[PDB]
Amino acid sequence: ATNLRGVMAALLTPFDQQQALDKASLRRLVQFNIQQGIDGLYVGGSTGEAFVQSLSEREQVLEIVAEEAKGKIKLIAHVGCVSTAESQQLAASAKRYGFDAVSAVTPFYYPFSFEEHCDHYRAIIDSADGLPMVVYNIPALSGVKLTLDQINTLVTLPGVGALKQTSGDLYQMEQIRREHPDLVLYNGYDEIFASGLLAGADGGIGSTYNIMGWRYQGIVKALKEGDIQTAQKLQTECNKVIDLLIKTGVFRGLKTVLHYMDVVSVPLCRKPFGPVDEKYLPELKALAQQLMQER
């Protein structure tokens, strides 16, 4: 599964003022990511606003991304739903469109037993019909509190090739790297990318890579050579942005900056996400101009 190792932008999903899918802007953002030199895309994840789309909408997005990008970079399809049957549909669709991998968040809202969780992944793994699975652990949003042992069982299920570990627990990262020396182990929290790598992540999947994905590859390069100053300097500039994005709202801030880069046309998230407070437009515009110059 080492072919899946790298820095993958958690792709955003553009909408218009009607809240419909903006497929023109999706295609453009997909190409924008290819020309920044991204290693791959993680499609319809949290950052993709999965949980405010229908299965049909999620399918249309997968199909377009595979058209624009298949064979150009690696493609992981986030197919997770609370329902197993829905997650299976999305898996089957991912395979149809020629994706390289599937991924599913631990199903949320209702408490499920670990056995139920395991059967959920086995079931999706089947429907993906040979596509490797990227287990997605995001305790802060899912409310699902997996133990290291339980993580070990999931990552060794037949058909699992990777872990998207959106956890700030860098003790646990090491423990995972230690127990699974080959594992494609994505750091999920952008704001700690450099440190997660040191603990043992060998790439990442992140929302902010859509506007500065080079800085994160810049960090992967910086560390490989042992240039720690450049690594830290880059994470700081990344974190200056992450502070901003947190004030503004992260997905809608990211989409706003992409509006000013003429890549996205209507920087709206879907309701009940509201719009970016106008008071921030100046900083976002200016951040857009700043980043275009750097690329």
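Numbering starts at 1 and runs along the sequence shown.
Undergrad: Pick between 155 to 163 and 100 to 108: the one whose mean CA B-factor in the entry is higher.
TA: The deposited B-factors put 155 to 163 ahead on the C-alpha mean.
Undergrad: Higher mean Cα B-factor in the deposited model: 263 to 271 or 56 to 64?
TA: According to the entry, 263 to 271 carries the higher average C-alpha B-factor.
Undergrad: Is the Cα B-factor recorded for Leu223 in the lowest, middle or highest third of its chain?
TA: Highest third.
Undergrad: Going by the CA temperature factor in the PDB record, which third of the chain does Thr147 belong to: lowest, middle or highest?
TA: As the PDB entry reports it, the C-alpha B-factor of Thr147 lands in the highest third of its chain.
Undergrad: Select lowest, middle or highest to describe the third in which the CA B-factor of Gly71 falls within its chain in this entry.
TA: It belongs to the highest third of the chain when residues are ordered by C-alpha B-factor.
Undergrad: Could you tell me which third, lowest, middle or highest, the C-alpha B-factor of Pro181 occupies within its chain?
TA: As the PDB entry reports it, the C-alpha B-factor of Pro181 lands in the highest third of its chain.
Undergrad: Sorting by Cα B-factor within the chain, modelled residues only, which third would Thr248 end up in: lowest, middle or highest?
TA: Middle third - that is where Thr248 ends up once the chain's C-alpha B-factors are sorted.
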